[PDB]
Every structure is written in structure tokens, then in C-alpha cells.
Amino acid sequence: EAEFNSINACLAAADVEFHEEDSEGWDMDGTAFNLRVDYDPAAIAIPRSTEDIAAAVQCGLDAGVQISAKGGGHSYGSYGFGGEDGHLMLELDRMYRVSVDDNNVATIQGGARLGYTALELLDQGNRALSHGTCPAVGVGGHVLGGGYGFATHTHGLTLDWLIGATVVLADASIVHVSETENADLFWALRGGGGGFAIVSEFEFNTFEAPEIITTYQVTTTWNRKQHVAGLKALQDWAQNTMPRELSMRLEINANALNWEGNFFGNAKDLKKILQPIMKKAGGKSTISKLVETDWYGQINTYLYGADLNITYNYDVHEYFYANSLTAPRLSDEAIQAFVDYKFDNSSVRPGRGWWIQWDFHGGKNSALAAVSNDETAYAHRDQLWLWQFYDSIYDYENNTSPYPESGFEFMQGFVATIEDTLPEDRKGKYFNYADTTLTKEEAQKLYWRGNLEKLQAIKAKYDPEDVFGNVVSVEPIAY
């Protein structure tokens, strides 16, 4: 029944399942992954079809509230909730069908997650897609922001494999999009973030699961000076040497700096590639992981304790503050400042912890960079580096200090070490690694840089009344 909620009444009338605010379902779906930014929705609809989504949207329109689609709910700013209280939430994780046709084209429902998807792709023709490491991530938010992982240097972003989708617009209409149909909306869905439309189904091209993948890890024992020289070497290497079939990211925390990634080939060939750079980077390191496995194998190497096959029964949480950054080749000042920050400004109380992922994002041999900033809404094709900053409170149930009041300064200063040295137009951030301290105006310019204005015009055309907007999303502004 729809006691005390006019939206639930509307959904009920349209035969659309919902969660009453007094139910356990509300507890599960209504609580964000990042408890530091949990929000209270106006209602939660649970669509099972494209029609249910449109019906849910109409009800949102009737109520005069904004509507937020939630895929896997892994957004760092809880944008599946709209990034604030009061939105109608459309929990889509009950819509996770994955079907691969004879052309190796995969149809994936808007609420499917990476783990489940990867399993289906493997089971249905031994296919694969380029995506992140977390099995819980929703395919939806992932592809709308890009989709970065250990296959990006070789196969680009998750969105570079998107060829079409079935979506529901702000006015509840249902349309099809592709490079030849509503091409402007399609462009926007490929990197534009949330708020353009609600995707009921995605259409992906796929590549055959590689017969062999060699995962690896290099452990360094570098001091301050060695960190600087190492990164400089790694940088020249990333731009002029690093092979297409090799991905890499640096795991960085208070006491370590490790290189890790996947290689689409054999261990012997990989060792021949790693040795020269390890030497160029000044030695003081060794290979701590080197194993040949298969697609399924590489996937299960980066789960970090997470269940692999996740659908609609998900109740995992964390309490943290994240940040990100994209940038071109760095000068000695940036690298030197970054290192000094780790060595002199990264002390945290017990119960608190941090890490940074230094991603070999662009470069000459990166497939990601083989696509121009004009080809999709993704606007960082010209950036060599991508970073993720993660500040977390492990014992949040007992103590969250310095949060919610403060704490942001730590990672913000960390980002600043590199960002402050860049020309305004080159400063950027990755929407999938959202920084919640940004204003809608700051966020738009950083997440979409050069493509912002075009995205705003497209947004103006497809959602002029910003029905699907969240707190930092592209706004409806016509040229």
C-alpha cells in the first residue's frame, strides 16, 4: 500500500514495484554505498522493464521531483540518489539480463553489474568487455562516465565498445540511440555522466576473451629521491615505450609504491618488458607477482574480497572521501611535490587509511588515446595520467573524525601538488571517481573540460527541465 507517499500511490497505480520507507528493502536500496554521503530519496521504484521505467518517470514528473536512476550504486557521491535528498530513485539492479547474439553483440540491461556481466559474456561465447575491477559496479554508471581498468590501455574505455542503447527520456518517451540514431544523445551517453536519460538496455560489441593474460606486480623500496627519479623514468616510458598490450597502475600508500597490471601475452615476454624499465627507474625493486592465467583468472585477481556474482542482493558499505585527477606529462615540480606530500603530509590516525592509484591512462600506445576528445563525450583522451585518491575511515561505526566536519584537506592538498602546476584548460577529473567537495560549476568544467558546452546543448535538447539532474551534472544550456 502507498500510505503517506503520493509517489508510491502513483507507482502502485502503474503496477510498478516500490519500497515503503518502513521496509527492509528501503534499508538496503535506500542506503548509499558511501555512508559519508548517504541520502534519503523521496521514493524508490523498482522497475522490471523499459515500460516500468517510463511509468516510474511519469510518476516522478507528476510529483514534481527530480528522478535518479541507480545502477550498481557505486558512485562516490551517491548520484544514483541524485547526490542529495528528495529524488525519486529508480533501483535498476533487478534488470540485469545479458544476452550475446551470433554477431558477438551483447545486450545488457541497465541494472547489470560488472561481475555478473563478465560471467555471462564468458559463458556465452567466451566473450569479454573492457571494464573496471569491481564486480559490484553497475554497468550503467560505469559506461556513462567511461569505464577504466586493466584493459583500457589495450582496448580503451567501456564506452568505446558501446554501439547502441534503449533509453527513456525526461518526458517518459522511449527511444533508441546509436551513432546513426539520435547520435547527439548517443555521444553524450558515452562519457557525459548521469542526467541525460535512463538506460534500460545497452548494446555492446565484444572481443574474444584472450587465451592468455599475465598479471604482475613490481614492489619498490624507494626513498624520497628514488620516488622522483622512478616516476620520471616511468613517465618517459609510458609515453614512448609502454606496449599496447600492457596496462599498469601504481599502488601508492604511506609505506609503498607498487606497479601492477595485466599483459595480453606470456610471462616471458612480459619479463623482457619489465626488466629494462625497472632498471631505468633506478632498480631498488623486484617482481613480486608474475602469473599466467586467463580472463576469468585476471578478473578474480582484483576483487579485493568482493563477491564476483552480484545482482540485486547487495548490502556492502564503506565510509570514505575520494578524489581524482587527469593531467598531461608532468614537470619535475609536480612529481617532486607529489612525493614530498606523501613523505611529509600523509600521517593519519589509526582507523584511518589511504591509497592512491597512479593510472597509465593515455600515451602514444594507449588504445584509449586512439580516440579523440571529439569522438565521444569523454574529454580526457589528451591526458597521459589519471589518478584516484582514496581517504577512508575503517572504524566509521565507532568514529568518523575528522569527518564529516573536515578531513578533505588531506587529499585535496595531495591533488593540488600536481594540479597547481597545470594550465587551467588541462586541469581535469574523472566523473567515475567523483570529488564531492566540488560545486556544480567546478565539477562540470573538470569532468568534461572541452566537451562541456556541447554536452550542455545536448542536455538542453533531451532534458530541458533537468528532471534527471544530480548535484554536479551537466545543466540544460543551449548555445
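The first residue of the shown sequence is 1; numbering continues from there.
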For 259 to 267 versus 96 to 104, entry-based mean Cα B-factors point to 96 to 104
For 171 to 179 versus 389 to 397, entry-based mean Cα B-factors point to 389 to 397
Per the deposited B-factor column, the C-alpha that peaks among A322, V371, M248, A254 belongs to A254
Per the deposited B-factor column, the C-alpha that peaks among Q383, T166, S130, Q226 belongs to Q226
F33: CA temperature factor from the record, placed by chain third, in the middle
Of the three thirds of Cα B-factor ranks in this chain, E21 occupies the highest
Temperature factor at the Cα of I46, chain-ranked in thirds, falls in the middle
In terms of its chain's C-alpha B-factors, the third that includes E203 is the middle
Of the three thirds of the chain ranked by Cα temperature factor, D463 occupies the lowest
